[PDB]
Structures are given as C-alpha cells and as structure tokens.
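# sharing the initial chains of the complex here, in place:
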Amino acid sequence: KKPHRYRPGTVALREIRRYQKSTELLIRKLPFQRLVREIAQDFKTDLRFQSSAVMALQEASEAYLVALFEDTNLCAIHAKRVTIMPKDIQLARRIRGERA
Amino acid sequence: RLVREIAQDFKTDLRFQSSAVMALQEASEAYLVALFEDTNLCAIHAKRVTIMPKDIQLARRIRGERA
Amino acid sequence: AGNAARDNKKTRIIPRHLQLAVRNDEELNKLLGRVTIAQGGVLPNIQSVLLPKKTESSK
Amino acid sequence: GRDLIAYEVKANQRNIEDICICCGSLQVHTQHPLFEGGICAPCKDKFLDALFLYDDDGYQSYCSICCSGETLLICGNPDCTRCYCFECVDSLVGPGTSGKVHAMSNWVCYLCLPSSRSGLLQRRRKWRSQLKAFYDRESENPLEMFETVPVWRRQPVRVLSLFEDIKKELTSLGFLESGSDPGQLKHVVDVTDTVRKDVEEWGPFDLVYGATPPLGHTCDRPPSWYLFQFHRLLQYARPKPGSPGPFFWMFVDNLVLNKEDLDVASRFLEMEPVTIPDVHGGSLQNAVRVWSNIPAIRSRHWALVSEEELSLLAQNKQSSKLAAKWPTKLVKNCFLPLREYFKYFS
Amino acid sequence: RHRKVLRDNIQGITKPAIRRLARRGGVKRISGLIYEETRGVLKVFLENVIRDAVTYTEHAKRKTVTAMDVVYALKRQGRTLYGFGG
Amino acid sequence: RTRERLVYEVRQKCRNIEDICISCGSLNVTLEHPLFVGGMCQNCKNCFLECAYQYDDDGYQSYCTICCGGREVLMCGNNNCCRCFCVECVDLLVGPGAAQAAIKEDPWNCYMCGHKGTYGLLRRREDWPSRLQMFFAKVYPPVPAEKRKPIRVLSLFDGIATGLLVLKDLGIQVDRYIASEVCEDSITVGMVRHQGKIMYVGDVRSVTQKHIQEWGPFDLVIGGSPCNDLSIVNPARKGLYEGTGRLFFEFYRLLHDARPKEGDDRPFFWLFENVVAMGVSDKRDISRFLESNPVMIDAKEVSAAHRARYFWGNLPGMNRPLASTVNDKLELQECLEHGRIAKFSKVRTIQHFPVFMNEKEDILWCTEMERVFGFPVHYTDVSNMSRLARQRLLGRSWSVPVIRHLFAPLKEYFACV
C-alpha cells in the first residue's frame, strides 16, 4: 500500500478547477490548422490563411465547445446522471435550434 | 387586459390598435408552443412523460434567456 | 476591470480581467451575451451537485 | 353601500360600533383598533394581515382603515406613516375631500392634527395597549408590542450601531438630524472591550442596530461574533425592568451565516428570520434575513422565496463577490414602521 | 384620474388555455406546478416586447401603440412576425 | 536579535534588568514578571495568561514559562514538575551554551525546581506563588436561619449531576433539581443516583424563558459549557463563535432569564466553569459577558488533581484560599486501591499511563479517577455504559471538593439538614 492513489471524483474536480482558472488554448495549434485547411479545401482550391485568422477560429471554436459542454453537463444533471452522453449534445443543439 | 396591465407600468394613458393586440397574441402563443416543444423534449430526456417547472427552467437556460 | 485587476494583485488589465468584469455584472452580461472575448476563458463557477458531500451525519 | 354608513349614525341614531366601517356591512364582530366602531369578521382578519404585510412602493400596501388596494394617499407631515383610502375619506368626512387631500403632499393627516374630531372620526386614549389586546384576542400570535410614542411626548432617538454604520441611512430615513452633532448615534467598530459602565456612560439607548459584514468578507472574524456581541450589548442597553420605555433592536444577515448559525440566531432572538428579495433584473438579485421586534417586520418575508434558490444566490455571491457594499438600501425600508416612534428630520 | 388600475389579469390566462397551448406543443401530461411558471414566463416575455414597443411609440411622439411598433419590437428581438406589415 | 543586543547593555551595567521586558525585549514595561526578576509588557501579559497553564499530551507544558513562546523547549526531569524552558531564553538570561549543557544532563532539574535560587543574570523571587495568586485575582446580606428555605437549583450542561451530589454532601434541602443533558449515559446517572428526583429536560437549545418561568424560581444556577471548542490545545478548535463553543451563550441567556430583576433582592447565586487553556479573545469575551473577572482555582490544593479552572460567579468569599478538610484525599496514592502505586502525585487532565502495578505500567481505573475527582465511589456505575463513556463523563465533570469550597457559604443562606 505504498503507491498513493486518489478517487475518481477528486482528480476530475481538480482538473475542472485548473481549466476554469486558466485562459490558454486547449486544442493543439497545428492539428487544428490542418483541420481548418482540409475543411477549406472543399469550398475553394489553394487558399492562404493568416496566423491571426486561424487563432481567431480557434478562440471562437473552443469558446463554442466550452458553452456546448456547459449545456451538455446541464442536460446530464437533469437526467439524474453525472456522465454526459451524445443524447445530451443532441438535446442541447436541438434546444439551441441548430439541427439543420 | 394582461397586455394593458403590463403596459400601465411603462407608460400611463396608452391606447392599443386591435391589430397590435392580435400581433402580440400570435407572437406570444407561438413562443409558448415552441417553449412547450423544448419543455416536452426536456421531459422525455429525463425518462418521463410529465413536464415540470425544471423542464421550463432548463429550456430557458439552454436557450440563453436567464438574463 | 480595475477592481478585477486589484483582486488578482496586478496593475495591468489582461483580457481575463475584462472577462471577469463583464460576466460577473448582470447588465453587461445581458449586453454582451452573444459576444466572445478572446483569451478570456469562463467564470470559475462549479455546480453544487458534482461536488462530493463534505458533511457529517448528525445521528 | 358607503354613503349609507354616514346616514345610519346621523339619522337612525345608531352606534358606530354596530356598523362595519370597512365595506359598509351591517354585521360587526369586534371593535375597530384605531378608532371607535365595529368591523365584520373577513375585513377584521384581512386588516390584521395587512398591517403585518410590508410594501416597498408605499407605507401601506393595502389601505389602513377599510383595507382597499388602490386610492392611496401620503401623509403631509413627514413624521407620520398613516395612509387611508379615498373612499374612507369620502364616506366618513364628506364627498370631494379625498381629492383635496391627495392634491397636496403637505396635508396634515388625522393623527397629526391637534383635534382628532373631523366629523365622523373618534380617537382612542392609550390606544396601543387596547391594540395589543386586539392582537391577543384573534391574531393567534403575541408579536413583540412596545407602547406607541405620542408626538407631544416624543424623545430624540439614541442609536447604538454595532459593526456597521447606519448614520447615512437613518439620516436619509430622517432618524438622525444633519448639520448638528450632539452624538445621538455612536458607531463602534470594536466592542470586545465594551462594559455595562461604558454603555451607562454613553447615555440610555432606545434603538440598537447591528448587521453582518458585506459579501466581500472585509474582516477576518467569524460572522456569529456580530450576532453574539449584538445580543450582549442589546441586553445591556435594555431599560431597567418596570419602566415605560421603548427598546427596539434589529440584527441583519446578508446570507453570511449558515443554517447552524441561523437556528442559533433564531433561538437567541426568539423568532424565525425574515428573508427579503430585491427587485428582479431578469431572474434574482440578492436577499437578506432580518430579526427585529419592530412592528410589521415578521410578515415582511415572502412565501414565494425558496430556500434552494437562496442557497444558490448565496454561493454565487460569496464566491464571486463582485459588489461589496453592505446593502444599506435593502435594510433601509424595514425601519419604516418605526417612523411613528421617533422624531423625523426632513 | 379616470383610469381604474387593471390588476390580477395574469389569472385571466386560465388553466385550460395553458392546457391547449401544451396540446399544440405535443405535451401528453402536465404537472400541477406548470401553470404558475407558464404565467411567469409569459409575463416576462410580454414585459420585454411591450418594453420595446412603448419606447417605439414614445420616439414617434404618439400615444397609440400600432401593429408596426409590435412588428419592430419583435423583429428587434430576432422573432420576425409576418402578416402585419414588415 | 534586537532583544539579545539589549540584554548585552543589561549585563554591561548600562540597563537595569527590571527596566526591560524579559519576554520579548519591548521597552513598554508596565508590570513586573511574577516568577523571575524583570518587567512585562501588556502584550506578553496576555500571552502569559494563555500559555503558562497549557500542557501537552505528555503532561508537560506546551510552551516556555518565561516568554510563553519558543520553538524547541527543554522538559524537566524532577518529580511533579511539568514546566518547559525554550532554548533561546535559557541561552540569554542564564548564559550562552547553558541550554545545550542542560540537554546533555540526563538527570536534569529545571531552574524552577533546583535547590539554589541564584542562576547567572536570572534570579527567582521566593514570593512567586503569592504574587501569581494575586496576579490571577449587588452583594446580598445574610438571611436569618428560621427564614431559610430549601434551595432550588438549575444546572445547565449538568453532566453527571455533580452539583446536586455536592449539595446533598453539604446537607442542603433541595426542593427541585432541573437538569439539561443530551448524553444518554449522563441522563441515566442522575436518575439512578438521585432516585428520579432530577427533572431531565433534553437539549438546552429547547429551553425557553417561558419554561424557566413556569419551572418556578431558581436559587442557584450552575454549569460548565463544552471546552473542546474553547481549549486552545485542540488544533481543530472552532473557537467561542463556532461548533460547540457557542453553547456558553445559551448558558448566558438562561442565566439572564433566571436572574431576579432589580428591586427584587431575593438571594440568587451562579457558578460557571471553564478550562484555563481558553484563548485571550475567548476568555476576554466570556469575562466581559458574565460582568465579572474569573477566579482561578486549582484542584491540586484540595483534590489531588492538577486541574486549574476558571470559575466565574458571585458566591460569597470565593477569593479566600482553599482550606483542605480531613475527608478530602490530597494524595493520588490515597485514592488508588491496594497493590497499585501512583507514578506522579497529581493526575493530569488539562507519563500517559500513571499506574505502577506488579512492575508494569497500568492505566488509571475509573473508580480511582472518581475518588480523585472527589465523587462518592461507584457514582457512574448505573447502566451498561462503556469504559470510554465513563472516562469521558468523569473527564468533563467538576472537581467535587472545589465545588464544596465554592458552595460552602450557601449553608448560611438556605436550609440545612
């Protein structure tokens, strides 16, 4: 009984406090940049991007996902659960009126 | 009478056109039917068929109207 | 934002201070509801059901 | 039937006690507390409830005499809180006088005038003791009832404010005279070394106010300390038993004491708290619990206000602590029934 | 002056009215505490829309609220109403 | 550092040791040090109130007796002494390196005990117990005997009904004995030992002024609030304003409700007890609220236990020195049973096992602890209660002969058997 081990509630809630008290970007920059370039390949061939444009996309996309997981967590709590499910994301986007 | 009572707090001695009250009634009934549709989805998601004030509060929280 | 900077022991307003300044106020949050501020984050607000019960049984 | 109750007395030669002066009814249960006459049972029940109820908009939510909602006028002399309906004034003293009363804000009401005989109104001598008997017969709750202070036998209020200043509030509320500092309010930040001898030296007190810290936790001292010291200095400041003297108190909590400390405070002050919500700016703003022995303060709590919503607001306020002003304006209103007890400075 | 203050007209929204609005919304079963919450939400919605529309009437130097001021108050709140003039 | 530099000018015959505060080196000398030669500032006096009578779980003092601080202290080898001296003070007032020289001495006596009185620049005045005594230190007339009546006693946080037992031992007629208690074992004790005469109430937090009024006048109000949340030696303490500390305020309320109004000159007396280890702010607030200064009374004078307690109250002559009676057992060995030997001469409750039996270290017996605290034997042997529960019950209880000393002049005010 020498290696110490925590509980599943503790480490999760410490991560919640840590990433709520921080401001930095959480998605890696180069995979997100390759994702934006691959999605932009369909609408027009041979784009060019500015660094500020890709950073603005990443800021807005991470803020959108954090608000989406806020409503997802509320939908999970409302069903007497704590674990989020794809039903919660579909319900949050169906009440936001974005299913199109 | 509800529209006149709510209007008496903002301005005294008002006067409504009948078409204005009909437009308010159309918009308010359509808003309440859409709200009961999202309230019904919140009720079904909690493995229930009974809507409760929790469902209306959750619908107006996810819409962003707790402000 | 100057009150949020003074709370954080800083004499320079960073976008975290503008984020805490707008979102803690209710009328500024109503004004800037559909507005994202870059390098802000979110409010440190944890729901009261995800915490473990740090209480003692009276019986 | 409101022009008939002015006809049953003059013509039929009947006793005012034999007609319900409120709704004009002929059935009389009891005798009216403020003036000579009778009151039917429903109006009697509602009249008692109306006094308990506290309204932010006006001195009285519903009318004093007949308990009507609308037709509210304000008392001329600013040292009086009485409010009567237009229909009472028209029915009793004569038609087309209510409009004249409402037309000015400096019209001396019925209790401030030297003569209390207007034509169909009779005052009662030492009415407050009879009023306590009225509460004793049917109100089912003997709420803390100090003798009323007449205008002619009025004293300058002596105030002891502990842990929080109210001189601005009371000055705005007309309890403290501005421009002249005889020292009728002593603010005492630290009371750990206050002794009965000190309080006796400070002059006799009639109203001792205390309040919890604001939501920004300015001081690093447990909030129960304010309550316990407030109780101690309160007991010290109570007049010698067997003396006709008014002693009022009020301890105010801005949700800084948990349920343990809340029950403790409720036990010592020997009553349940009073939760007051503030004007919604969309959802809910802030709320405050108040203990006091001041009339119509216990009924100020609103049954709509839930505990869980209050707990959530408390935890969003404690952790966030954006505003850090003591809510002086929130607890400002609650002293309003006290207006008839001390002198008002306009 | 000559205007009786209208009061308790939130109870004019009757229980079968909220019942029929829940039938159109597809709701199969309604709890007893729905009706007070629905009256409160409808009251706040009318507060917002009439708060815009009375200000549109104020700036127009009139004393009559038109249907066009209702359509402007709703189109400002991102709820565009048709059938009354855009 | 600065204090050490000053003591340099003290030993160079440039400053009088009596003109400096020997605890912290402040210049604001007002009082003299009661134990040794030197001055004392007010701040150190408050610290001296808290810290002198604080003992750790080893039965030795928690802090140095001189400066009432210190990071590492020297314990005393000599019998019955519980004092400690912090290394720093010793390396100044006595001399440099004297402390580590005392560390190396396996049979070491601390400077409060050693036969000689002179120790370098440190000098001990021989009148220190009497000066210490004085340091920690509406009157009703006598009632003529024929007019005397049976006493009516309210005992809040009654515990094992020690007060009724003391009044019975003094032979005072008790009309009624109302007692608040919540521990089932303690409720049982009073019922059995006093034959159902004790009116058991329940939670003291249910007791109203109406209850007190309808229970008939009380002649004596007594009590000791829980000390777990007041005693400073508990790291997790919640203070006077949190946890179980606040039950004292309930005592203050019911005392206020039970006290006669001005102009009603009927005899009324009260006694409140607490631990000496209570904080400065806590002790000050309690002393201010009870409108009196506490008397400090140590059990060691009459009860063979080192139990120093504060007693607030208005019992006549409660300053007078404690006079032992032949009935009292001043020796711990005079309380143990045959075949058992007392390690120390006094037990410590504010070696861990103070019994030598058959060349083995045994724990204290519950009945021997009863005899020490002055209770008549087998007082707490009423129900099927655990050893732990009986130990806790005797621990929280009053020292009987101390209560007999305080209650003794009440015999001149109420009816006797």
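Great, that's in hand. Numbers count the residues shown, from 1 in each chain, chains lettered A, B, ... in the order given.
# so which helix or strand takes in the residue nearest the centre of chain A?
Residue closest to the average C-alpha location in chain A (C-alpha atoms, centre = their mean): residue A:65, at 3.8 Å. Element membership for residue A:65 (DSSP states H and E) is helix A:51-78.
# so does the helix or strand following that helix get close to chain C?
Using DSSP H and E, the helix or strand that follows helix A:51-78 in sequence is helix A:86-95. No. Judged by C-beta under 8 Å from any C-beta of the partner chain, helix A:86-95 and chain C are separated, with a smallest distance of 14.2 Å. Yep, even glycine has a C-beta here, placed from its N, CA and C like the rest.
# and the longest helix seen in chain E with helix B:53-62, angle?
Looking across chain E with DSSP state H, the single longest helix is helix E:34-59. Going by axes from the mean of the first three to the mean of the last three C-alpha atoms, to 10 degrees, helix E:34-59 is angled at 40 degrees with respect to helix B:53-62.
# one step back: how about the contacts made by the residue nearest to the centre of chain A?
Contact analysis of residue A:65 by C-beta atoms under 8 Å, 6 or more residues apart in numbering or on different chains lists nothing.
# what's the spacing between the closest residue to chain C within chain E and residue D:16?
At 9.8 Å from chain C, residue E:78 is the closest residue in chain E, using C-beta to the nearest C-beta. Residue E:78 sits 62 Å away from residue D:16, going by C-beta to C-beta, to the nearest Å.
# which of the two has more neighbours?
Taking other C-beta atoms under 10 Å in any protein chain shown, residue E:78 and residue D:16 do not tie; residue D:16 has more neighbours (19 against 7).
# wait, is the residue of chain E closest to chain C part of a strand?
No. Under the criterion used here (DSSP: H, G, I helix; E, B strand; the rest coil), residue E:78 is coil, not part of a strand.
# so in terms of bridging, what pairs with the spatially most central residue of chain F?
Compute the mean C-alpha point of chain F, and by C-alpha atoms, centre = their mean the closest residue is residue F:309, 1.5 Å away. When bridges are called by DSSP bridges, residue F:309 pairs up with residue F:275, residue F:297.
# so who does it touch?
F:273, F:274, F:275, F:276, F:296, F:297, F:298, F:299, F:399, F:402.
# so it versus chain A, what's the distance?
44 Å (C-beta to the nearest C-beta, to the nearest Å).
# just to revisit the earlier point, most neighbours among the contacts of residue F:309, please name it.
Going by other C-beta under 10 Å, residue F:297 tops those with 26 neighbours.
# please tell me how far that one sits from residue F:320.
For residue F:297 relative to residue F:320 (C-beta to C-beta), the value is 11 Å.
# and the strands in the stretch 101-250 of chain F?
With DSSP state E, counting those that start in this stretch applied, the stretch 101-250 of chain F shows strands at F:118-119, F:122-123, F:151-156, F:174-179, F:198-200, F:220-224, listed in chain order.
# add DNA strand G to what we have:
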DNA sequence: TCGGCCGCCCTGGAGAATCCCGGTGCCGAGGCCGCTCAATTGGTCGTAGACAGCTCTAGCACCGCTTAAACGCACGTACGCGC
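Time to bring in DNA strand G:
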C-alpha cells in the same frame, strides 16, 4: 460457548498538490518626438422639420343576451420517485 468479524465515532498522519513568498530576467507598455492631415471656424444656402390647423377614423366605453368554456369536486389508476 464464545471467541473473532463490520458500522461508528473519533482522530489524525503521510502526502501530492497548491498557495505564498522571494529572486531573476525580459519584452511589452508607458512616455517622448515629428508631422501631417483631419478637426475646427466662418460663411452661405436650401430644405427637413417644427408647428398651427383641420378633419374624420377608429378606439374605448357601455349594455344586453347567449351559450362556450372555465371551475370544482370525486375518483381511480398510471406514472414519478425512492430503493
């Protein structure tokens, strides 16, 4: 008979993480300087809007029937909720 196993209170001790506190370093913000173009001032026209007047449309108010629906009470079984 009778000795060996699970809540309960009580308590705290290792212990990984976090808050506080200093020490150093760096690069980004506060402040100075030229200069140049947009803000200011003066004057002039031209028409948008302020205002008087009239009119005549619809909005509010009232009243009397008329059933359509809201209400209230019983009741029973289907669903919400705790385990």
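# returning to what we had before: tell me what the longest helix of chain E is packed against?
Contacts defined by 3 or more C-beta pairs under 8 Å, 6 or more residues apart in numbering or on different chains; DSSP states H and E place helix E:34-59 against helix B:2-7, helix B:18-45, helix B:53-62, helix E:15-24, helix E:67-76.
# hmm, 10 Å instead?
helix B:2-7, helix B:18-45, strand B:50-51, helix B:53-62, helix E:15-24, helix E:67-76 (3 or more C-beta pairs under 10 Å, 6 or more residues apart in numbering or on different chains; DSSP states H and E).
# what about the second one and DNA strand G, touching?
Just to be clear, that refers to helix B:18-45. Yes. Helix B:18-45 is in contact with DNA strand G by C-beta under 7 Å from any atom of the strand, via B:18, B:19, B:43.
# could you check the angle helix E:15-24 makes with that helix?
Using the same axes, to 10 degrees: helix B:18-45 against helix E:15-24 is 60 degrees.
# what does the last one give?
When the same axes, to 10 degrees is applied, the directions of helix E:67-76 and helix E:15-24 differ by 50 degrees.
# residues contacting helix E:67-76, please?
Helix E:67-76 is contacted from outside by B:3, B:16-24, B:26-27, B:31, E:48-60, E:62, E:65-66, E:79-86, using C-beta atoms under 10 Å, 6 or more residues apart in numbering or on different chains.
# other SSEs contacting the longest helix seen in chain C?
As assigned by DSSP H, the longest helix anywhere in chain C is helix C:15-24. For helix C:15-24, the elements it packs on are helix C:2-7, helix C:26-31, helix D:307-320, judged by 3+ C-beta pairs under 10 Å, 6+ apart.
# report how many residues lie close to residue F:56.
The burial count for residue F:56: 15, using other C-beta under 10 Å.
# nearest residue to it other than its sequence neighbours?
Excluding its sequence neighbours, the residue lying closest to residue F:56 (C-beta to C-beta, 6 or more residues apart in numbering or on different chains) is residue F:62, at 5.0 Å.
# now swap in residue D:143 and tell me
residue D:298 (6.3 Å).
# list the contacts for residue E:23?
Taking C-beta under 10 Å, 6+ apart, one finds B:33, B:36, E:16, E:30 in contact with residue E:23.
# kindly report the same for residue F:236.
Per C-beta under 10 Å, 6+ apart, neighbours of residue F:236: F:228, F:229, F:243.
# ok so, going back, and the two most separated of the contacts of residue E:23?
Greatest spacing in these, by C-beta to C-beta: B:33 and E:16 (15.3 Å).
# please, which helix or strand holds the most centrally placed residue in chain C?
In chain C, the residue lying closest to the centroid (C-alpha atoms, centre = their mean) is residue C:43, at 3.1 Å. Using DSSP H and E, residue C:43 falls within no helix or strand.
# DNA strand H next, sequence below:
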DNA sequence: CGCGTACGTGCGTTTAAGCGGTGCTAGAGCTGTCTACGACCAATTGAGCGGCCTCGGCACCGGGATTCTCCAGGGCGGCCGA
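So, slotting DNA strand H in with the rest:
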C-alpha cells in the same frame, strides 16, 4: 419493483368571453408656412498616429507552509453465527 400520489377524465355549475349594436371623442394623419439647422466649401492648425526607447510589471524558477485527501488504526463491541 414497489408504493402512493396527483393528474386526467367526467359531470354538473356558473363565470364571462364573444357578438352585436351605439357614441363620442381622443388622437392619427394630412396640409400649409416658414425658419433655423445642417450640408458644402475654403483656411488653418494642433491633436493623434508612426516611430523610438527604456525600464519595471509580470512570467518563470525555486523553496517552504499548508491544506485538503485518502487511508490506517484504536477500540469497541457486541454480537453473533460459526
């Protein structure tokens, strides 16, 4: 899966929404006058922005207090079912 409560259903009452008239009058809406307020243009300058710089507010590193977190344990104990 068990339980119980509270909500849907039904019938008898009664409350009032709806409709169909009249009146009148407040107020929207249109028209005519005119005048003062803002667009336009020319002179001119000082306030605001590019550029420079230097230095201290904050990021990072390192160490101690500390503080909640998890788990052992005393005991206990009785009780209990082996």
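# same question on the contacts of residue F:309, but with DNA strand H included?
Contacts of residue F:309 by C-beta under 10 Å, 6+ apart are F:53, F:224, F:227, F:273-276, F:294-299, F:350, F:398-399, F:402.
# on that earlier part again, count of neighbours near the closest residue to the residue nearest to the centre of chain C other than its chain neighbours?
Among residues not flanking residue C:43 along the chain, residue C:23 sits closest, at 5.2 Å (C-beta to C-beta, 6+ apart). Per other C-beta under 10 Å, the neighbour tally for residue C:23 reads 20.
# and what of residue D:234?
Counted with other C-beta under 10 Å, residue D:234 comes out at 21.
# quick one: it and residue D:194 touch, right?
No. Residue D:234 lies out of contact with residue D:194 (C-beta atoms under 10 Å); the separation is 11.7 Å.
# can you pull the residues that touch both of these two?
Looking at what touches both residue D:234 and residue D:194 (by C-beta under 10 Å, 6+ apart), the common residues are D:160, D:162.
# contacts only, for the closest residue to chain E within the stretch 301-417 of chain F.
The stretch 301-417 of chain F approaches chain E most closely through residue F:389 (49.1 Å), counting by C-beta to the nearest C-beta. Applying C-beta under 10 Å, 6+ apart to residue F:389 gives the contacts F:183, F:184, F:185, F:186, F:380, F:383.
# show me just the buried residues among these.
By neighbour count, with 16 or more other C-beta atoms under 10 Å in any protein chain shown, the contacts of residue F:389 hold F:185, F:186, F:380 as buried.
# what's the helix or strand for the residue nearest to the last one when sequence neighbours are not counted?
Spelled out, that is residue F:380. Of all residues beyond its chain neighbours, the one nearest residue F:380 is residue F:390 (5.1 Å), with distances taken as C-beta to C-beta, 6+ apart. Using DSSP H and E, residue F:390 sits in helix F:387-396.
# what's the angle from that helix to strand F:220-224?
120 degrees.
# residue 53: neighbour count?
Went with chain A since none was named. For residue A:53, using other C-beta under 10 Å, the count is 11.
# wrong one, chain E
30.
# do the same with the one 3 residues further on
Each residue near residue E:56 was counted by other C-beta under 10 Å, and the total is 18.
# so what's it closest to, chain neighbours aside?
Per C-beta to C-beta, 6+ apart, closest to residue E:56 is residue E:69, 4.0 Å.
# for chain F, which residue gets nearest to DNA strand H?
residue F:386 (3.2 Å; C-beta to the nearest atom of the strand).
# now swap in the stretch 201-346 of chain D and tell me
Closest point on the stretch 201-346 of chain D to DNA strand H, by C-beta to the nearest atom of the strand, is residue D:220, at 12.6 Å.
# got the contact list for that residue?
residue D:213.
# from DNA strand G, how far out is it?
13 Å (C-beta to the nearest atom of the strand, to the nearest Å).
# is that residue in a helix, a strand, or coil?
Residue D:220 - assigned by three-state DSSP - is coil.
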